[PDB]
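Visitor: The following block contains the structure, expressed as structure tokens.
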2 protein chains.
Amino acid sequence: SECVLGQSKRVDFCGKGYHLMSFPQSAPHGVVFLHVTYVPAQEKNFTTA
Amino acid sequence: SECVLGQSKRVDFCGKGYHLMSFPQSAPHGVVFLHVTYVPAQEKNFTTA
């Protein structure tokens, strides 16, 4: 109800990172979620005030 | 996962009041949280439109 039917702001609820979406899949006696998330990359230092 | 690794918008979940931060500590067979929150103070009336 939270991951699929909208976007989630709870940390580490729908995947690891900033959540984007989720896709459900059926499974025998269970369910599988395919969470699509967003992760940063190469960074750089700067001087801030 | 929620109070420590981020900021929580849920009400009366990560302590009482507007949540600011949280700190974890270990105890024999358990965990202890130190929630740091924000609470209003002395107020005054005003006329509004």
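Chains: A, B, ... in order of the structure tokens. Residues: from 1 per chain. Ligands: from 1, in order shown.
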If you take only C-alpha atoms and a cut-off of 10 Å, which residues of chain A touch chain B, and what are their nearest atom pairs and distances in Å to one decimal, in chain and number order, as a tab-separated table?

Guide:
```
residue	atom	partner	partner_atom	distance
A:9	CA	B:9	CA	8.9
A:10	CA	B:2	CA	6.7
A:11	CA	B:2	CA	5.6
A:12	CA	B:1	CA	6.6
A:13	CA	B:1	CA	8.8
```

Visitor: I'd like to know which residues of chain B are strand (DSSP E or B) (by DSSP, run on the backbone); could you write them as a list in words?

Guide: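 Answer for chain B, restricted to strand (DSSP E or B): residues 18, 19, 20, 21, 22, 23, 24, 25, 26, 27, 30, 31, 32, 33, 34, 35, 36, 37 and 38 of chain B.
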
Visitor: Would you compute the distance between CA of residue 18 in chain A and CA of residue 39 in chain A? Give it in Å to one decimal.

Guide: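 Those two atoms sit 6.7 Å apart.
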
Visitor: Please identify all polymer residues within 6 Å of residue 17 in chain B, counting only C-alpha atoms, omitting same-chain residues fewer than 2 positions from it, and present them as a PyMOL selection string.

Guide: chain B and resi 19+37-39

Visitor: Do you have the CA of residue 23 in chain A-CA of residue 42 in chain A distance handy?

Guide: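 Taking CA of residue 23 in chain A as the start and CA of residue 42 in chain A as the end point, the length is 28.1 Å.
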
Visitor: Report the distance between CA of residue 31 in chain B and CA of residue 16 in chain B in Å, rounded to one decimal place.

Guide: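 Value for the CA of residue 31 in chain B-CA of residue 16 in chain B distance: 18.5 Å.
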